[PDB]
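# Just dropping in an experimental structure and the matching sequence.
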2 protein chains.
Amino acid sequence: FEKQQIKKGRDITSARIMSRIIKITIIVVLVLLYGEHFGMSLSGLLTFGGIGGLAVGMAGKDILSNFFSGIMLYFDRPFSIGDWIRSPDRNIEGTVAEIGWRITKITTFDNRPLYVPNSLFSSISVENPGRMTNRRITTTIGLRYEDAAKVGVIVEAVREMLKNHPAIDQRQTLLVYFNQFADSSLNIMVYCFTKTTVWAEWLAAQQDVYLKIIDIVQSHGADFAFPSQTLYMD
Amino acid sequence: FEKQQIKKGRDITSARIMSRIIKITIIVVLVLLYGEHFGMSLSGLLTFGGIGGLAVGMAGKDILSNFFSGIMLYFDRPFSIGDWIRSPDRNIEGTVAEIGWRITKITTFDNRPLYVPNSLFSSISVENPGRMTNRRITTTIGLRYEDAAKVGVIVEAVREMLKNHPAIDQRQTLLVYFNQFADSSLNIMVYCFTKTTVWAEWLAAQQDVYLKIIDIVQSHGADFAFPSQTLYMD
Ligand SMILES: CCCCCCCC/C=C\CCCCCCCC(=O)OC[C@H](COP(=O)(O)OCCN)OC(=O)CCCCCCC/C=C/CCCCCCCC
Ligand SMILES: CCCCCCCC/C=C\CCCCCCCC(=O)OC[C@H](COP(=O)(O)OCCN)OC(=O)CCCCCCC/C=C/CCCCCCCC
């Protein structure tokens, strides 16, 4: 009757084979249990079942791990639905769309589905940026070695701008500091946080910040740096 | 009654399935134990339970490792809360926000949460810079081969500056030494320690140090080196 229920939406070949499989599986168990109720070589039957179930376990490890981790997700909620996810250790990055017992159905940002097994979440670090608070801005202003005299005041101006920018969160960090030399340039870091979590508003603020930086730089007399070389002709 | 407690904040589908699961799990155990109290094929039941629990263990390895490592963290305190962490072997880098029995909730420096399993801390080296004492400064002053005659005195001047800089810790190391040639440049190392652990003050001192280095170099007549080439035209 199970086979007939399987027959509506599947094939005869596979349903027949699956019938054979489940039939063998169900007869073998009761033969193993009542083979000594018949009284026929108990410990041989014991060995038979032992090695069979032993290989079966070594195989189905892969699947039961998925199932048990599905349970842990059912109770432990590292993420939920709609929560943008990623992992540094693997490509998972997408919005969750569905949880399952074996797997999860994520939608990437390609609008593609991704069917992930749940064993992975018990071995791997998971990042849920959808829960986050603020969004980061990071740059390196690459000036020239000619413009070294102008660095302190550029830096102070940039800082004073960010500190008086509406979109920016001043309770969080706010760092503008000449942090390294570099081949062909002097690199000023910028490290700031916007009080939005929205993609577009973050990007718009990033935009305004960058354009104001440009205006500041080119005002003070400096200019950005391309790569550079010294050619000793012959 | 457990199911009904689960029903308040979850669904009927999953709670029903979980009911089935726990029901099977609880009946099977007592059937296994009292199946011979009925007296029905003891050693067949023994095999059944053996292989079942064997696969179960091979699977739940992944989870029990997390739990036991959570216990070790409960007793052994490599880190605590508020302690910036990293590992060279993996991306974990963030401030701890919460410990758990299975996992930890870190906040990255993106203000993003990261849910890490605790099995990882028993396999991996962990660095707790939040406990540290002093912060390092490292650079390579890339001069030119033309400026080789000026290296000893530049070096000595730089050393004398750092040694008379307030923010610097002289009990720790302090190294300024011409350490390598390089394609296109002569590279002087700098390796020093600030007596702060704060990000911003460290960066400000880094700043002042670098600007003074620049002034020193350009005073003594040298200048920094871009990459370089010799072009043999034809
Ligand atoms: C480790 C050794 C074991 C190795 C693995 C051998 C295979 C084990 C048997 C297959 C696992 C169970 C598959 C899940 C479906 C259950 C079987 C089935 O026929 O249901 C089909 C059923 C569809 O329902 P209907 O078409 O309406 O049929 C109604 C039947 N009541 O399939 C489904 O997937 C239902 C939706 C669930 C999707 C989630 C992924 C599947 C897991 C479901 C629950 C957990 C079952 C597996 C773990 C059992 C642990 C005791
Ligand atoms: C290796 C084979 C085992 C494979 C794994 C099969 C699944 C095992 C069962 C699930 C593990 C236990 C989950 C932890 C919650 C306990 C079950 C539960 O219903 O509590 C929910 C409970 C929430 O509480 P209430 O909603 O108020 O309900 C009150 C119930 N007293 O869930 C919680 O997460 C509590 C907060 C703890 C968070 C820390 C992570 C979970 C671990 C908790 C403690 C350790 C339990 C697991 C190890 C047991 C070792 C004997």
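Great, that's in hand. Residues are numbered from 1 along each chain as shown, chains lettered A, B, ... in the order given. Ligands and ions are numbered 1, 2, ... in the order given.
# From here on, just use CA atoms for contacts and neighbour counts.
Fine.
# What distance do you get for the most centrally placed residue in chain A to residue A:113?
Centroid-nearest residue in chain A, with Cα atoms, centre = their mean: residue A:86, separated by 1.6 Å. Distance of residue A:86 to residue A:113, given as Cα to Cα, to the nearest Å: 14 Å.
# can I assume the residue nearest to the centre of chain A is in contact with residue A:96?
No - the criterion here is Cα atoms under 8 Å, and residue A:86 misses it with residue A:96 at 10.3 Å.
# could you give the angle of the helix or strand encompassing residue A:47 to helix B:42-75?
Counting by DSSP states H and E, the element that carries residue A:47 is helix A:42-75. Relative orientation of helix A:42-75 versus helix B:42-75 (axes from the mean of the first three to the mean of the last three Cα atoms, to 10 degrees): 40 degrees.
# who does helix A:42-75 touch, helix- and strand-wise?
Helix A:42-75 is packed against helix A:12-38, helix B:42-75, with contacts defined by 3 or more Cα pairs under 8 Å, 6 or more residues apart in numbering or on different chains; DSSP states H and E.
# related to what we said a few turns ago, what sits against the residue nearest to the centre of chain A?
A:92, A:93, A:94, A:126, A:127, A:128, A:129 (Cα atoms under 8 Å, 6 or more residues apart in numbering or on different chains).
# Which of the helices or strands spans the nearest residue to it once chain neighbours are set aside?
Closest residue to residue A:86 apart from its sequence neighbours, by Cα to Cα, 6 or more residues apart in numbering or on different chains: residue A:93 at 4.3 Å. Using DSSP H and E, the element containing residue A:93 is strand A:90-99.
# repeat for residue A:105
Here residue A:105 is assigned to strand A:103-108, by DSSP H and E.
# What is the end-to-end distance of stretch A:73-85?
14 Å.
# can it be found next to ligand 1?
No - Stretch A:73-85 does not reach ligand 1 (Cα under 6 Å from any ligand atom); its nearest approach is 12.3 Å.
# Around ligand 1, pick out the residues from chain A.
A:56, A:57, A:60, A:100, A:101, A:102.
# and which of these is nearest chain B?
Taking Cα to the nearest Cα as the measure, chain B lies nearest residue A:57 of these, at 4.4 Å.
# circling back to that earlier point, right, and the helix or strand after the helix holding residue A:47?
With DSSP H and E, the next secondary element past helix A:42-75 is strand A:84-87.
# So what pairs up with the residue nearest to the centre of chain A in the strands?
residue A:127 (DSSP bridges).
# now residue A:190
Beta-bridge partners, per DSSP bridges, of residue A:190: residue A:139, residue A:176.
# Now do the same contact list for it.
A:137, A:138, A:139, A:140, A:141, A:174, A:175, A:176, A:177.
# tilt between the helix holding residue A:47 and strand A:103-108?
40 degrees.
# Residue A:208 is in what secondary structure piece?
helix A:199-220.
# Pretty sure residue A:117 sits against residue A:104.
Yes - with contact defined as Cα under 8 Å, residue A:117 counts as touching residue A:104 (6.5 Å).
# any idea how far residue B:47 is from the closest residue to ligand 1 within chain A?
Going by Cα to the nearest ligand atom, ligand 1 is nearest to residue A:60 of chain A, at 3.8 Å. For residue A:60, the distance to residue B:47 equals 17 Å [Cα to Cα].
# more neighbours, the two?
A side-by-side neighbour count of residue A:60 and residue B:47, using other Cα atoms under 10 Å in any protein chain shown, places residue B:47 first with 22 against 15.
# Tally up the residues packed near residue A:96, please.
Neighbour tally, residue A:96, other Cα under 10 Å: 21.
# for it, what are its contacts?
A:80, A:81, A:82, A:83, A:84, A:85, A:104, A:105, A:106, A:107.
# repeat for residue A:78
residue B:115.
# Would you check how far apart it and residue A:72 are?
For residue A:78 relative to residue A:72 (Cα to Cα), the value is 10 Å.
# Kindly report the same for residue A:41.
Distance from residue A:41 to residue A:72, by Cα to Cα: 42 Å.
# Same drill for the two, tell me which one is more crowded.
Neighbours were counted for residue A:41 and for residue A:72 using other Cα under 10 Å; residue A:72 has more, 18 against 10.
# what's the closest non-adjacent residue to residue A:168?
In space, residue A:168 is closest to residue A:194, 4.5 Å off (Cα to Cα, 6+ apart).
# how about stretch A:147-154: buried residues?
A:147, A:148, A:151, A:154 (16 or more other Cα atoms under 10 Å in any protein chain shown).
# Next: stretch A:53-67.
A:53, A:54, A:57, A:61, A:63, A:64, A:65, A:66, A:67.
# Can you name the residues that contact the first one?
Put plainly, it is residue A:53. Per Cα under 8 Å, 6+ apart, neighbours of residue A:53: B:51, B:52.
# and if you look at residue A:167?
Residue A:167 touches A:194, A:195, A:196, A:205, counting by Cα under 8 Å, 6+ apart.
# Please report how far it lies from residue A:203.
Taken as Cα to Cα, the span from residue A:167 to residue A:203 is 11 Å.
# Quick one: distance of the strand holding residue A:93 to the chain centre.
7 Å (Cα atoms, centre = their mean, to the nearest Å).
# strands paired with it, and their directions?
Here, using DSSP bridges, strand A:90-99 pairs with strand A:84-87 (antiparallel), strand A:103-108 (antiparallel).
# Quick check: which of those is nearest to ligand 2?
Nearest to ligand 2, of these and by Cα to the nearest ligand atom, is strand A:103-108 at 16.1 Å.
# Put the alpha carbons of that closest one into PDB.
In PDB, the C-alpha atoms belonging to strand A:103-108 read as follows (Å, rounded to 0.1, in the frame of the first residue of the first chain):
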ATOM      1  CA  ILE A 103      18.300  20.900   5.000                       C
ATOM      2  CA  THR A 104      17.600  24.600   4.700                       C
ATOM      3  CA  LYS A 105      16.500  26.500   1.700                       C
ATOM      4  CA  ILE A 106      18.400  29.800   1.400                       C
ATOM      5  CA  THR A 107      18.000  32.300  -1.400                       C
ATOM      6  CA  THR A 108      21.200  33.900  -2.500                       C
END
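# Starting from it, tell me the next helix or strand along the chain.
Following strand A:103-108 in sequence, per DSSP H and E, is strand A:113-117.
# Adding distance to residue A:233, write the helices and strands packed on helix A:42-75 out as a markdown table.
Output for the helices and strands packed on helix A:42-75, formatted as a markdown table (distance: least, Cα to Cα, whole Å):
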| stretch | distance to residue A:233 |
| --- | --- |
| helix A:12-38 | 76 |
| helix B:42-75 | 64 |
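# Save these as a markdown table, and put in distance to ligand 2 too.
Below are the helices and strands packed on helix A:42-75 laid out as a markdown table (distance: least, Cα to the nearest ligand atom, whole Å):
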| stretch | distance to ligand 2 |
| --- | --- |
| helix A:12-38 | 24 |
| helix B:42-75 | 4 |
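# which of these sits most buried?
Among those, ranked by average contacts under mean count of other Cα atoms under 10 Å in any protein chain shown, first place goes to helix B:42-75 (a mean of 18).
# Off-centre distance for that helix?
Using Cα atoms, centre = their mean, the offset of helix B:42-75 from its chain centre is 29 Å.
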